[PDB]
Amino acid sequence: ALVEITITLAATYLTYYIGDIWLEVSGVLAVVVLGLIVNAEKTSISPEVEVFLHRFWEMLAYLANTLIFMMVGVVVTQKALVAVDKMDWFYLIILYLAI
Amino acid sequence: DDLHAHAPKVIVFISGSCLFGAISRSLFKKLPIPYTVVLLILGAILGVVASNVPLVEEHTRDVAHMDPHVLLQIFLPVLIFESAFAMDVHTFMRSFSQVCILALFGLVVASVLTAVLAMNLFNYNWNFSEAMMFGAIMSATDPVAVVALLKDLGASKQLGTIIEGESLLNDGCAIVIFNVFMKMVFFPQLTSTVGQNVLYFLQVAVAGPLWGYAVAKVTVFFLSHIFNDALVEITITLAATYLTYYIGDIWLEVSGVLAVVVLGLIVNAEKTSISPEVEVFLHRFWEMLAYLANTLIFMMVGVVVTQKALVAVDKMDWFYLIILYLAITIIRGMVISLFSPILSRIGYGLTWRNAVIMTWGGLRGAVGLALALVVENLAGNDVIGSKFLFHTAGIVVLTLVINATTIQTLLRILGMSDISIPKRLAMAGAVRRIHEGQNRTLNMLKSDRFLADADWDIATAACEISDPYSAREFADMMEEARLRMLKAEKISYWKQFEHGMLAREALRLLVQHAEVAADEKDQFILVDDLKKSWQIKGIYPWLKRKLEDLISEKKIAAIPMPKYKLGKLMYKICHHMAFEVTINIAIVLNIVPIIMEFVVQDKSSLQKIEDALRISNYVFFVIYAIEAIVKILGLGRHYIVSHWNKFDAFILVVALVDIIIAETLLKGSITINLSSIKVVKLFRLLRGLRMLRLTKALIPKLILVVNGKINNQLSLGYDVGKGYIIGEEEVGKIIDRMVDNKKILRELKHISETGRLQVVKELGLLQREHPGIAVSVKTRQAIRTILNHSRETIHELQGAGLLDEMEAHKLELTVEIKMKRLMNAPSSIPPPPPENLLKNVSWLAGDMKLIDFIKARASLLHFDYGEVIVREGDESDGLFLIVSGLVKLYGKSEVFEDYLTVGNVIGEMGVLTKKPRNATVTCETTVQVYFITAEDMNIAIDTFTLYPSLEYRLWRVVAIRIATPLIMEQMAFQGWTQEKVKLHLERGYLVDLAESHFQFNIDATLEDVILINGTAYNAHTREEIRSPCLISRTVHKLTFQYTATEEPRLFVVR
Amino acid sequence: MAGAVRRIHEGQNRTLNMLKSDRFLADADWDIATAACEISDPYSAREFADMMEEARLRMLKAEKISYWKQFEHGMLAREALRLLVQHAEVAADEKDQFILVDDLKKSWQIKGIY
Amino acid sequence: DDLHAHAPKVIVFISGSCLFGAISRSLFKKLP
Ligand SMILES: CCCCCCCCCCCCCCCCCC(=O)OC[C@H](COP(=O)(O)O)OC(=O)CCCCCCCCCCCCCCCCC
Ligand SMILES: CCCCCCCCCCCCCCCCCC(=O)OC[C@H](COP(=O)(O)O)OC(=O)CCCCCCCCCCCCCCCCC
C-alpha cells in the first residue's frame, strides 16, 4: 500500500512540475487528464488502498484550502486595505451584480 | 520565469527519492538484502554524478545542505510519534520496569564504554565530550526487521514488545544525551555552577514528560467530543504532535523528544475516543509518513557522504571501522549479560537464546544518521565532520548487510522457528475443507447451462491454495483430556470475543491462562485461587485517595431561612451556583494581578502600571467583601460553622489589611516599623493564597477521576469473571461429549464447578461492596447489546433491498453517534430505589393496575447474617425479591449450590405448582426481601385473565428458564453460544391447549419443541412421556390428551 | 422509512425483553428505555387504469429488488445495475409501459460496433 | 541555537492554521 500511495503522489507532482517547467506545456490540463484517467481505471488499485486514498486526498485538499484562506486574510489586511477609496465599495457592489 | 525567479527544485528531488524507494522495494522483495542498502548505493551514485555535472548539482543542493534545525524539527517528531503509536502499549506497561532499567542503564554504560574506546583506540585526539557524543550517536538502535520476523513466526510476543520498548526508550535517551553534549561542545557557556546544572537537569528530565502529559490530556479531552468529523481528528493529531515538539523544544526549553514520546503513548492507550475507521486510517497514515522520512534521510546521507566524507579518509579508517564494529557488538552483549541477573531475578527474566537474539538484533537506523548529519553540518573541520559521518554510515551499512541477512539463519540454528504440530494439522484440515468447498462449487458451476464453454483449465488456475509449511495410559489420557479442555475454553472465549462480549484484555488473560495451564503438567486452567483475584480486587491507595477526598469534603447539611428582610432571595443568591462562578471569576482575575505584582517587584509606564494594579486590587477586595456580605448575613454563626470558610475570611482580612496599609500609611500602626514600606512582599505574596480558595472545587472533580479509574479496574475485573463463568458452562456440555471414560469426567467437573461457584461468590460480594459502579456497568452493557442488535437489523434490512443506501447510511450514522456518546458516560450511577425495582419486574411489568395491586400489597423484610429465609421442604407460601444483599441456595435437585443477588425472584415454581420448597436459602449478608403471599398471588391471577394473562407470563418465564439447558445440551459441538439459543427460544410460545387432543404438525418450520411440565404422546406409538424432557425428532407426530394430576405445559417454536 | 423505524423499534423491544429476563442484569437502570437510541424517524411529519399502474409499479419494485440482491451477491456489477435502475425509473415515469422495452434499449451494449 | 540559527517558524503558523480551522468547523456545524 505504501508503494502505491507514494507512486500516486510522485506521479502527480512530477507530472505537474516537468510539464510546466521543462518542455513548456499546460501543467494543469495534464494533471486533470491524469487524475481523470486514474479515476476511470481504478480497478488496478486494491480496495482498501483506494478507500485510504480517497480520504488522504480529501484531507490534503482541506489542508490546502485552509492554508490559502488563512493567508489571504493576513495579506489583504496588511496591504490592500491601505489603498482604498469610498468608490471601491460601490464598484464592488456593481461588479457583484454584473457577474 | 525570468530575472530572479526561484522554481522550487526540492520537489524533483523528493519525488525522485520516492520513485527510487518504490523501485527498490519492488525489485528486492525476495532478496534478503534490505532495500535501504540499495537506497544508500543510489544516493552515493547520484552524489558522484552531481559532483561532475553542474546541472544535477542545482537539483541536489538545497536538500543535501539543509540547516540542522530544519532537519530535526521536521523529521524527528514524525519518527518518534510513529514508533510510539505503533507499539502495543498494554503489554509494554505490563513489564515497564524491565524495559526502563534495560534501556536507561544499558544505554548509559554502552555510551560510556564506546566513548572511552574511541578516546583510546583511535588516533584522533578527542576530548571526553566529543567521545561521549560519539557514543550517544552509536548507541541508538532500530530493530524493525527483527520485530517483524518475531511477529510473523508467532513466537515470544513479549520478546518483540520488549525489543520495541527498549528501542523507543533508547532513541529518546540518546537524543537527550546528544543534545546535552552538543550544547556543551559547540556552544560553550562560561562555567557551570552546581545549582545551575542541577536546575538544567531537572528541567530537561522532568518538565518534558509533564508537558507531554498535559498536552495529551487536553488533546484526548477535545477528541472525545468530536462526532462525524475525520478530517478534524486527523488534523488535530498532526497539529498536536508538531506543536508539542516545537513549543517544548524552543520556548520554555524542555526535552521535546520525551514529551512527544509520552504524548504518543498516552494517545495510543486511550484510543477508544477516536472512531474505528479514523484510527484505521491513522495507522496507515503515520506508517506512510515514517516511511517517507526514512527514505528521504537515507537518500540524503549517501549524497552528503559521497560529496564530503570520502574526500578525507586514510588506510587506517577502515581498520578502525572494523574494530569499532567488533567492539560495539561485544559491548552490547556484555551489558545485556551483566544486567541479566537483576532483570531475571525480578521482573520477567531472560533466557540465553533470547539474550543472543537481542544481542544480534541491534541494527542501527536513521536517528544516528540524522544526528551525524547535524554534527557534520555544525562543523567545518575534518577531525569531527568527516569521521563522524563516515563511521556512522559504515556501521549502518555493515549492520544492515550482515546482521539483517544472518538473523534468519541464527534463528534457525537456535531452533526457534519450528512449527507446532497442532498448527500444521489445523492448517492441513483447513486446506482440505477449502478444497472440498471449491470442488462442490466447481460441480455446481459445471451443471449450469450458460457456463459450459468456459475453459476448465481453471481447475489448475482455480487457486488451489496450496497449504504452506511444505512438509500408565491414565497419565496420557489425562493429558489429552486437559488439552481438550484447553481447546474448548479457547474456542468458547474466542466465540464470545467475536460476538463482542469478551472484550480484548479479558480474552488475552484467558488465553494466557489456558496456555500456561497447558504448559504445566496435570493442572487445569484457571486455578482461581489467586489468578482471578487481583482484577476483582482493585485495591490500592487509590481507594485511600478516594476516602481522603470524601472525608475532606464537608459542609453544613442545612441552614435556617431567616424571616428578617427579604429572606429567601438572599439565601438563594448565596447558595446559587452564580455565587461560586463569581468567586471563581474573582479569584482568576486576582491571580493575574498577583503575577503582575510579583514580576514588577522582581524586575510613564511605571505610574500607569501601579495605578492599574492598585485599581485591580481595590476592585478585587471590594468584590471579596461583597461576597462575604452575601454570606454571613442570614447564615449568621453558620458562616463560621464551616472551617473552610475560615480560610476565605482570613484571606479577605489579609487582603483588606494590606490594601489599607498601602493606601495611606500615614494614620499610624506600623509606619516606621518594618512593614510593606521597606518590604512590601508580605503585602502581595500572601495574595497568592487567595488562589488556594479555589481548591474547594478541585476536591470534587479529583474524586470523579479517581472514581473513573476505580470503575475501569472494577469494570474489567467484572467482565473477565463473567466470561469465565459463561465459558465453563459451555465446556460443561462439551466435556460430556468427549472423553467417555468414567472417573475422569468427575476430575474435570469438580474443578469446573468449584471455580465457577467461587468466582460467582466473589463477584457478588464485590458488587455488594460498591453498589454504584455495578449499575453503571450493567447499564453500559445493556446499551451496547441493544445498539449492536439494532445495527444488525439495519444491515439486514439494507441487504434485503427494502432500504436505499441513503436511509441506511443515515441510520448507521445515528447509531454510531449514539454509541460514541455512550463511550463517554458517568463513571458511577445512584442505585434505584426499591419501588422502581419492584415496578420493573418483567412478568408483572405492563398494566399499571397490577403494579398498584402489588405495591398496595406486599411487605418488606430485613434479615441479618445466617438467617434462614426458607427451610427445605417448607410449603411454598410466597415469593421473594432480593432488593439488596446476597443469598446462598443449597440442596438436592447432584447437591447443587448457587448464589443469588439483587433483582431476583425465588419461589415462582412453588406458587405456580404448589410444591414443597426446592433448596434451603441462607443469607450471606444483611438482606432485604419483598414477600408477596401465595394467597394474594392467586387472587391477582384470578382477577387478571386478559390475553397476556399474568399466569401465562409467569409460565412463559418458567418455561424459558427450564428450556435453555436442554437446547444447550443439544449442542454437540454444533455451536450455539448459550445466548443465541436464548433469542431462538424468545420467539417461542406456550401451548394454547383449547382441546386436549391437538395434533401439532411437526414441520421443518417449527424446529424444536420442549415438554416443560406435562404428558404428551405420539400419533402412532403414543409413548408415555414425563417432563422435563425434549420431545426429539424421533416422535414424528405430537398428539395430546387431557391429563388430570399435572396440567400439561408445553413450549413450542416455529 | 416509517416501516424501517417500526421494525427497528420491534427488534429493540424484543432485545430489551430478553435482557430483562436475564439474571446477572436486573439491577441495571432501565431508564435506557429512553436512552436506548430510539432512532426517531427523520422527515418529522375506470379502476382498471389505476390497477394497471399499481401492477406496473409493483413490477418496477420487484425488478429493483432483484437487481439489488444480484449486485449485493456480486454478480450485477455497477454499470449494469445503474442501467437497470435507470430503465426501471424511466418506465415508472412513463405511463402504461413496462420497463425494459428491449426494442433498442438493450441493443447498443450488445452491439459493440464502431 | 545561537549566532545565525533559523528555527523554522513556518511550523507554528501551519499548526495554528490547522487548529483554527478545526475550531471553526466544530463551532459552526449548525450555523448556515
Ligand atoms: C514526495 C511527496 C510527494 C511529492 C512532493 C510533495 C510536496 C513537496 C513540497 C513540500 C513542502 C516543502 C516545499 C519546499 C520549501 C520551499 C522553499 C525551498 O524549497 O527552497 C529552499 C529553501 C529556501 O531557503 P534558502 O535556500 O536557505 O535561501 O531552503 C531552505 O532554507 C529550506 C529547505 C527546504 C527543503 C526542506 C526539505 C523538505 C521539507 C519537507 C519534507 C519532505 C516532504 C514531506 C512529505 C509531504 C507530503 C505528505
Ligand atoms: C499542518 C500540518 C502538520 C504540522 C506541520 C507539518 C510540517 C510542516 C513543514 C513542511 C515542510 C516545509 C518546511 C519549511 C521550509 C523550510 C524553510 C522555511 O520555512 O524558511 C522559509 C523559506 C526560506 O527561504 P527565504 O525565507 O526565502 O530565505 O522561505 C522560502 O523562500 C520558502 C517558503 C517556505 C514555506 C512554504 C509554505 C509551506 C509549504 C508546505 C505546505 C504546508 C504543509 C503541507 C502539509 C504537510 C503535512 C501533510
# chains A, B, ... in the order shown; residues from 1 in each chain; ligands from 1
>>> residues_near_ligand(ligand="ligand 1", cutoff="6 Å", atoms="only C-alpha atoms and all ligand atoms", output="PyMOL selection string")
(chain A and resi 9-10+13) or (chain B and resi 8+10-11+14-15+18+62-63+66)
>>> write_last_selection(atoms="N, CA and C atoms", output="PDB file, in the first residue's frame")
ATOM      1  N   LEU A   9       1.414   9.899  -5.452  1.00  0.00           N
ATOM      2  CA  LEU A   9       1.875  11.242  -5.106  1.00  0.00           C
ATOM      3  C   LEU A   9       2.993  11.700  -6.037  1.00  0.00           C
ATOM      4  N   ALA A  10       4.011  10.854  -6.210  1.00  0.00           N
ATOM      5  CA  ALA A  10       5.146  11.221  -7.044  1.00  0.00           C
ATOM      6  C   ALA A  10       4.719  11.436  -8.486  1.00  0.00           C
ATOM      7  N   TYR A  13       2.963  14.937  -8.749  1.00  0.00           N
ATOM      8  CA  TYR A  13       3.834  16.102  -8.627  1.00  0.00           C
ATOM      9  C   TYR A  13       4.846  16.169  -9.763  1.00  0.00           C
TER      10      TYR A  13
ATOM     11  N   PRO B   8      10.760  26.046  -7.146  1.00  0.00           N
ATOM     12  CA  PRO B   8      11.217  25.102  -6.118  1.00  0.00           C
ATOM     13  C   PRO B   8      11.756  23.819  -6.724  1.00  0.00           C
ATOM     14  N   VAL B  10      13.313  21.438  -4.887  1.00  0.00           N
ATOM     15  CA  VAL B  10      13.259  20.337  -3.932  1.00  0.00           C
ATOM     16  C   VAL B  10      12.189  19.332  -4.332  1.00  0.00           C
ATOM     17  N   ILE B  11      11.157  19.782  -5.049  1.00  0.00           N
ATOM     18  CA  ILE B  11      10.073  18.884  -5.433  1.00  0.00           C
ATOM     19  C   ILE B  11      10.609  17.731  -6.266  1.00  0.00           C
ATOM     20  N   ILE B  14      12.524  15.223  -4.023  1.00  0.00           N
ATOM     21  CA  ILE B  14      11.660  14.410  -3.170  1.00  0.00           C
ATOM     22  C   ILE B  14      10.907  13.375  -3.996  1.00  0.00           C
ATOM     23  N   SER B  15      10.359  13.784  -5.142  1.00  0.00           N
ATOM     24  CA  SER B  15       9.633  12.840  -5.984  1.00  0.00           C
ATOM     25  C   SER B  15      10.553  11.740  -6.497  1.00  0.00           C
ATOM     26  N   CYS B  18      11.150   9.254  -3.735  1.00  0.00           N
ATOM     27  CA  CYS B  18      10.017   8.346  -3.585  1.00  0.00           C
ATOM     28  C   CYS B  18      10.001   7.294  -4.685  1.00  0.00           C
ATOM     29  N   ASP B  62      19.914  22.306  -2.298  1.00  0.00           N
ATOM     30  CA  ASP B  62      19.167  22.821  -1.160  1.00  0.00           C
ATOM     31  C   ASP B  62      18.568  21.723  -0.293  1.00  0.00           C
ATOM     32  N   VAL B  63      18.577  20.475  -0.756  1.00  0.00           N
ATOM     33  CA  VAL B  63      18.115  19.348   0.048  1.00  0.00           C
ATOM     34  C   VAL B  63      19.261  18.567   0.666  1.00  0.00           C
ATOM     35  N   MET B  66      20.592  21.006   4.092  1.00  0.00           N
ATOM     36  CA  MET B  66      19.586  21.563   4.984  1.00  0.00           C
ATOM     37  C   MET B  66      20.212  22.053   6.282  1.00  0.00           C
TER      38      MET B  66
END
>>> closest_atom_pairs(of="chain D", to="ligand 2", cutoff="8 Å", atoms="only C-alpha atoms and all ligand atoms", output="Markdown table")
| residue | atom | partner | partner_atom_place_in_ligand_line | distance |
| --- | --- | --- | --- | --- |
| D:6 | CA | ligand 2 | 20 (O) | 7.8 |
| D:8 | CA | ligand 2 | 19 (O) | 5.0 |
| D:9 | CA | ligand 2 | 19 (O) | 6.3 |
| D:10 | CA | ligand 2 | 19 (O) | 5.0 |
| D:11 | CA | ligand 2 | 8 (C) | 4.9 |
| D:12 | CA | ligand 2 | 5 (C) | 7.7 |
| D:14 | CA | ligand 2 | 1 (C) | 4.6 |
| D:15 | CA | ligand 2 | 1 (C) | 4.5 |
| D:16 | CA | ligand 2 | 1 (C) | 7.8 |
| D:17 | CA | ligand 2 | 1 (C) | 7.3 |
| D:18 | CA | ligand 2 | 1 (C) | 5.7 |
>>> residues_around(residues="residue 35 in chain A", least_positions_apart="3", cutoff="12 Å", atoms="only C-alpha atoms", output="PDB file with N, CA and C atoms, in the first residue's frame")
ATOM      1  N   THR A   8       1.396   7.246  -6.531  1.00  0.00           N
ATOM      2  CA  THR A   8       0.392   8.235  -6.913  1.00  0.00           C
ATOM      3  C   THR A   8       0.894   9.653  -6.657  1.00  0.00           C
ATOM      4  N   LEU A   9       1.414   9.899  -5.452  1.00  0.00           N
ATOM      5  CA  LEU A   9       1.875  11.242  -5.106  1.00  0.00           C
ATOM      6  C   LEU A   9       2.993  11.700  -6.037  1.00  0.00           C
ATOM      7  N   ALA A  11       3.831  10.586  -9.003  1.00  0.00           N
ATOM      8  CA  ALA A  11       3.364  10.756 -10.370  1.00  0.00           C
ATOM      9  C   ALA A  11       2.682  12.102 -10.542  1.00  0.00           C
ATOM     10  N   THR A  12       1.780  12.450  -9.622  1.00  0.00           N
ATOM     11  CA  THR A  12       1.090  13.732  -9.735  1.00  0.00           C
ATOM     12  C   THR A  12       2.079  14.890  -9.749  1.00  0.00           C
ATOM     13  N   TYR A  13       2.963  14.937  -8.749  1.00  0.00           N
ATOM     14  CA  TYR A  13       3.834  16.102  -8.627  1.00  0.00           C
ATOM     15  C   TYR A  13       4.846  16.169  -9.763  1.00  0.00           C
ATOM     16  N   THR A  15       4.439  14.945 -12.804  1.00  0.00           N
ATOM     17  CA  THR A  15       3.713  15.365 -13.994  1.00  0.00           C
ATOM     18  C   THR A  15       3.584  16.877 -14.034  1.00  0.00           C
ATOM     19  N   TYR A  16       3.064  17.472 -12.959  1.00  0.00           N
ATOM     20  CA  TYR A  16       2.883  18.920 -12.972  1.00  0.00           C
ATOM     21  C   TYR A  16       4.213  19.637 -13.177  1.00  0.00           C
ATOM     22  N   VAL A  28      -1.680  22.180 -15.748  1.00  0.00           N
ATOM     23  CA  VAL A  28      -2.983  21.955 -15.128  1.00  0.00           C
ATOM     24  C   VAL A  28      -3.803  20.969 -15.949  1.00  0.00           C
ATOM     25  N   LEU A  29      -3.819  21.142 -17.271  1.00  0.00           N
ATOM     26  CA  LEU A  29      -4.571  20.227 -18.121  1.00  0.00           C
ATOM     27  C   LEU A  29      -4.013  18.814 -18.033  1.00  0.00           C
ATOM     28  N   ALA A  30      -2.685  18.683 -18.013  1.00  0.00           N
ATOM     29  CA  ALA A  30      -2.080  17.362 -17.899  1.00  0.00           C
ATOM     30  C   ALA A  30      -2.472  16.691 -16.592  1.00  0.00           C
ATOM     31  N   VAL A  31      -2.457  17.444 -15.490  1.00  0.00           N
ATOM     32  CA  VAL A  31      -2.835  16.868 -14.202  1.00  0.00           C
ATOM     33  C   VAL A  31      -4.307  16.485 -14.203  1.00  0.00           C
ATOM     34  N   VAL A  32      -5.152  17.304 -14.829  1.00  0.00           N
ATOM     35  CA  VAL A  32      -6.574  16.983 -14.907  1.00  0.00           C
ATOM     36  C   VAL A  32      -6.777  15.671 -15.654  1.00  0.00           C
ATOM     37  N   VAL A  38      -6.745   8.045 -14.070  1.00  0.00           N
ATOM     38  CA  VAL A  38      -6.533   7.184 -12.911  1.00  0.00           C
ATOM     39  C   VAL A  38      -7.861   6.856 -12.245  1.00  0.00           C
ATOM     40  N   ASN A  39      -8.762   7.837 -12.169  1.00  0.00           N
ATOM     41  CA  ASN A  39     -10.078   7.585 -11.594  1.00  0.00           C
ATOM     42  C   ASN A  39     -10.836   6.538 -12.397  1.00  0.00           C
ATOM     43  N   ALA A  40     -10.783   6.631 -13.727  1.00  0.00           N
ATOM     44  CA  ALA A  40     -11.516   5.684 -14.560  1.00  0.00           C
ATOM     45  C   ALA A  40     -11.029   4.260 -14.333  1.00  0.00           C
ATOM     46  N   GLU A  41      -9.722   4.043 -14.443  1.00  0.00           N
ATOM     47  CA  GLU A  41      -9.138   2.709 -14.298  1.00  0.00           C
ATOM     48  C   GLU A  41      -8.623   2.495 -12.877  1.00  0.00           C
ATOM     49  N   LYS A  42      -9.533   2.597 -11.915  1.00  0.00           N
ATOM     50  CA  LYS A  42      -9.183   2.416 -10.513  1.00  0.00           C
ATOM     51  C   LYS A  42      -9.333   0.976 -10.045  1.00  0.00           C
ATOM     52  N   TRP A  57      -6.498  12.140  -0.070  1.00  0.00           N
ATOM     53  CA  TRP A  57      -6.559  13.295  -0.959  1.00  0.00           C
ATOM     54  C   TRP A  57      -7.556  14.329  -0.454  1.00  0.00           C
TER      55      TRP A  57
END
>>> closest_residue(among="B:32, B:732, B:593, B:365", to="residue 612 in chain B", atoms="only C-alpha atoms")
B:593
>>> interface_residues(of="chain B", to="chain D", cutoff="12 Å", atoms="only C-alpha atoms", output="ChimeraX atom specification")
/B:66-74,179,182-183,186-189,219,222-223,225-247,249-251,253,378
>>> closest_residue(among="B:291, B:181, B:1042, B:843", to="chain C", atoms="only C-alpha atoms")
B:843
>>> select_by_dssp(residues="chain A", states="helix (DSSP H, G or I)", output="PyMOL selection string")
chain A and resi 2-20+27-40+47-82+86-98
>>> closest_atom_pairs(of="chain B", to="chain C", cutoff="6 Å", atoms="only C-alpha atoms", output="CSV")
residue,atom,partner,partner_atom,distance
B:775,CA,C:28,CA,5.0
B:778,CA,C:28,CA,5.0
B:779,CA,C:28,CA,5.1
B:801,CA,C:65,CA,5.5
B:903,CA,C:26,CA,5.1
>>> write_last_selection(atoms="N, CA, C and O atoms", output="PDB file, in the first residue's frame")
ATOM      1  N   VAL B 775     -24.213  -0.616  38.781  1.00  0.00           N
ATOM      2  CA  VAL B 775     -25.347  -0.149  37.991  1.00  0.00           C
ATOM      3  C   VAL B 775     -24.867   0.452  36.679  1.00  0.00           C
ATOM      4  O   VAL B 775     -25.439   0.193  35.613  1.00  0.00           O
ATOM      5  N   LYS B 778     -23.688  -2.386  34.292  1.00  0.00           N
ATOM      6  CA  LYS B 778     -24.811  -3.123  33.725  1.00  0.00           C
ATOM      7  C   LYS B 778     -25.551  -2.288  32.688  1.00  0.00           C
ATOM      8  O   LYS B 778     -25.933  -2.794  31.624  1.00  0.00           O
ATOM      9  N   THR B 779     -25.767  -1.004  32.980  1.00  0.00           N
ATOM     10  CA  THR B 779     -26.436  -0.139  32.017  1.00  0.00           C
ATOM     11  C   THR B 779     -25.638  -0.038  30.727  1.00  0.00           C
ATOM     12  O   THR B 779     -26.205  -0.111  29.629  1.00  0.00           O
ATOM     13  N   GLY B 801     -32.824  -5.196   0.476  1.00  0.00           N
ATOM     14  CA  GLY B 801     -33.207  -4.298  -0.589  1.00  0.00           C
ATOM     15  C   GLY B 801     -34.360  -3.373  -0.271  1.00  0.00           C
ATOM     16  O   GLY B 801     -34.714  -2.539  -1.114  1.00  0.00           O
ATOM     17  N   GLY B 903     -32.432  -8.080  42.581  1.00  0.00           N
ATOM     18  CA  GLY B 903     -33.215  -8.223  41.366  1.00  0.00           C
ATOM     19  C   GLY B 903     -33.446  -9.649  40.915  1.00  0.00           C
ATOM     20  O   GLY B 903     -33.374  -9.933  39.712  1.00  0.00           O
TER      21      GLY B 903
END
>>> closest_residue(among="A:49, A:59, A:33, A:95", to="chain B", atoms="only C-alpha atoms")
A:59
>>> residues_around(residues="residue 349 in chain B", least_positions_apart="5", cutoff="12 Å", atoms="only C-alpha atoms", output="number ranges by chain")
B: 95, 97-99, 102, 158-159, 162, 336-337, 339-344, 354-355
>>> interface_residues(of="chain A", to="chain B", cutoff="9 Å", atoms="only C-alpha atoms", output="MDAnalysis selection string")
chainID A and resid 1:7 9:11 13:14 17:18 21 52 55:56 58:59 62:63
>>> write_last_selection(atoms="C-alpha atoms", output="mmCIF file, in the first residue's frame")
data_model
loop_
_atom_site.group_PDB
_atom_site.id
_atom_site.type_symbol
_atom_site.label_atom_id
_atom_site.label_comp_id
_atom_site.auth_asym_id
_atom_site.auth_seq_id
_atom_site.Cartn_x
_atom_site.Cartn_y
_atom_site.Cartn_z
ATOM 1 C CA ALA A 1 0.000 0.000 0.000
ATOM 2 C CA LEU A 2 2.811 2.433 0.809
ATOM 3 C CA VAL A 3 4.330 1.870 -2.629
ATOM 4 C CA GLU A 4 1.001 2.561 -4.341
ATOM 5 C CA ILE A 5 0.314 5.757 -2.390
ATOM 6 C CA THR A 6 3.857 7.028 -2.937
ATOM 7 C CA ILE A 7 3.606 6.226 -6.646
ATOM 8 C CA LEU A 9 1.875 11.242 -5.106
ATOM 9 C CA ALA A 10 5.146 11.221 -7.044
ATOM 10 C CA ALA A 11 3.364 10.756 -10.370
ATOM 11 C CA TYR A 13 3.834 16.102 -8.627
ATOM 12 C CA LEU A 14 6.346 15.020 -11.277
ATOM 13 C CA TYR A 17 6.477 20.034 -12.406
ATOM 14 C CA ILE A 18 8.001 18.516 -15.543
ATOM 15 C CA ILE A 21 8.989 23.875 -16.315
ATOM 16 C CA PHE A 52 -7.481 5.085 2.052
ATOM 17 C CA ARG A 55 -9.644 10.198 2.458
ATOM 18 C CA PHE A 56 -5.950 11.013 2.016
ATOM 19 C CA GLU A 58 -9.621 14.829 0.697
ATOM 20 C CA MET A 59 -7.526 15.735 3.744
ATOM 21 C CA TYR A 62 -8.762 20.518 3.011
ATOM 22 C CA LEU A 63 -5.319 21.482 4.314
#
>>> residues_around(residues="range 645-654 of chain B", least_positions_apart="3", cutoff="7 Å", atoms="only C-alpha atoms", output="list in words")
residues 624, 639, 640, 642, 657, 658, 690 and 693 of chain B
>>> write_last_selection(atoms="N, CA and C atoms", output="PDB file, in the first residue's frame")
ATOM      1  N   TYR B 624     -14.560  40.716  47.020  1.00  0.00           N
ATOM      2  CA  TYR B 624     -14.470  39.733  48.096  1.00  0.00           C
ATOM      3  C   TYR B 624     -15.311  40.152  49.296  1.00  0.00           C
ATOM      4  N   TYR B 639     -22.091  30.891  59.081  1.00  0.00           N
ATOM      5  CA  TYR B 639     -20.998  31.313  58.211  1.00  0.00           C
ATOM      6  C   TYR B 639     -19.652  30.873  58.770  1.00  0.00           C
ATOM      7  N   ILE B 640     -19.501  30.903  60.099  1.00  0.00           N
ATOM      8  CA  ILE B 640     -18.276  30.436  60.738  1.00  0.00           C
ATOM      9  C   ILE B 640     -18.346  28.966  61.126  1.00  0.00           C
ATOM     10  N   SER B 642     -18.522  26.294  59.148  1.00  0.00           N
ATOM     11  CA  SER B 642     -17.638  25.521  58.284  1.00  0.00           C
ATOM     12  C   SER B 642     -16.213  26.043  58.411  1.00  0.00           C
ATOM     13  N   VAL B 657      -6.282  44.255  55.009  1.00  0.00           N
ATOM     14  CA  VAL B 657      -5.229  44.873  55.811  1.00  0.00           C
ATOM     15  C   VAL B 657      -4.122  45.402  54.910  1.00  0.00           C
ATOM     16  N   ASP B 658      -3.709  44.600  53.926  1.00  0.00           N
ATOM     17  CA  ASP B 658      -2.668  45.047  53.005  1.00  0.00           C
ATOM     18  C   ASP B 658      -3.115  46.275  52.225  1.00  0.00           C
ATOM     19  N   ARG B 690      -4.991  33.484  47.988  1.00  0.00           N
ATOM     20  CA  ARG B 690      -6.370  33.543  47.518  1.00  0.00           C
ATOM     21  C   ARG B 690      -6.653  32.452  46.495  1.00  0.00           C
ATOM     22  N   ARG B 693      -8.141  29.311  47.696  1.00  0.00           N
ATOM     23  CA  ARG B 693      -9.574  29.285  47.961  1.00  0.00           C
ATOM     24  C   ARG B 693     -10.338  28.494  46.908  1.00  0.00           C
TER      25      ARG B 693
END
>>> closest_atom_pairs(of="chain A", to="chain D", cutoff="12 Å", atoms="only C-alpha atoms", output="tab-separated table")
residue	atom	partner	partner_atom	distance
A:59	CA	D:18	CA	11.3
A:60	CA	D:18	CA	11.7
A:62	CA	D:21	CA	9.5
A:63	CA	D:18	CA	7.4
A:64	CA	D:18	CA	10.1
A:65	CA	D:21	CA	9.9
A:66	CA	D:21	CA	6.5
A:67	CA	D:17	CA	6.5
A:68	CA	D:17	CA	9.7
A:69	CA	D:17	CA	9.4
A:70	CA	D:17	CA	6.7
A:71	CA	D:17	CA	9.0
A:73	CA	D:17	CA	11.9
A:74	CA	D:13	CA	11.8
>>> residues_around(residues="residue 956 in chain B", least_positions_apart="3", cutoff="12 Å", atoms="only C-alpha atoms", output="CSV table (one decimal) with C-alpha atoms, in the first residue's frame")
chain,number,residue,atom,x,y,z
B,842,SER,CA,-40.7,-8.5,33.9
B,843,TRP,CA,-43.6,-10.8,34.5
B,908,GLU,CA,-42.2,-18.8,41.4
B,909,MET,CA,-42.3,-22.5,40.8
B,912,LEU,CA,-47.2,-22.0,40.1
B,948,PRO,CA,-51.5,-11.7,28.1
B,949,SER,CA,-52.6,-13.2,31.5
B,950,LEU,CA,-50.3,-12.9,34.5
B,951,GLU,CA,-50.4,-16.7,34.8
B,952,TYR,CA,-49.4,-17.0,31.2
B,953,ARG,CA,-46.5,-14.6,31.6
B,959,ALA,CA,-40.6,-22.4,30.6
B,960,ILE,CA,-37.9,-20.3,29.0
B,961,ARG,CA,-35.8,-20.8,32.2
B,962,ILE,CA,-36.2,-24.5,32.0
B,963,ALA,CA,-35.7,-25.0,28.3
B,985,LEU,CA,-36.3,-19.5,22.5
B,986,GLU,CA,-37.7,-16.0,22.8
B,987,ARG,CA,-39.8,-16.3,19.7
B,988,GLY,CA,-41.4,-19.4,21.1
B,989,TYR,CA,-44.8,-19.6,22.9
B,990,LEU,CA,-46.8,-21.7,25.3
B,991,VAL,CA,-49.2,-24.4,24.1
B,992,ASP,CA,-52.7,-22.9,23.8
B,1012,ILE,CA,-42.0,-28.2,30.2
B,1013,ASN,CA,-44.3,-30.0,32.6
B,1049,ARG,CA,-47.5,-27.2,29.9
B,1050,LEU,CA,-45.5,-27.3,26.6
B,1051,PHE,CA,-43.3,-24.7,24.9
B,1052,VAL,CA,-43.1,-24.7,21.1
C,21,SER,CA,-35.3,-11.9,31.6
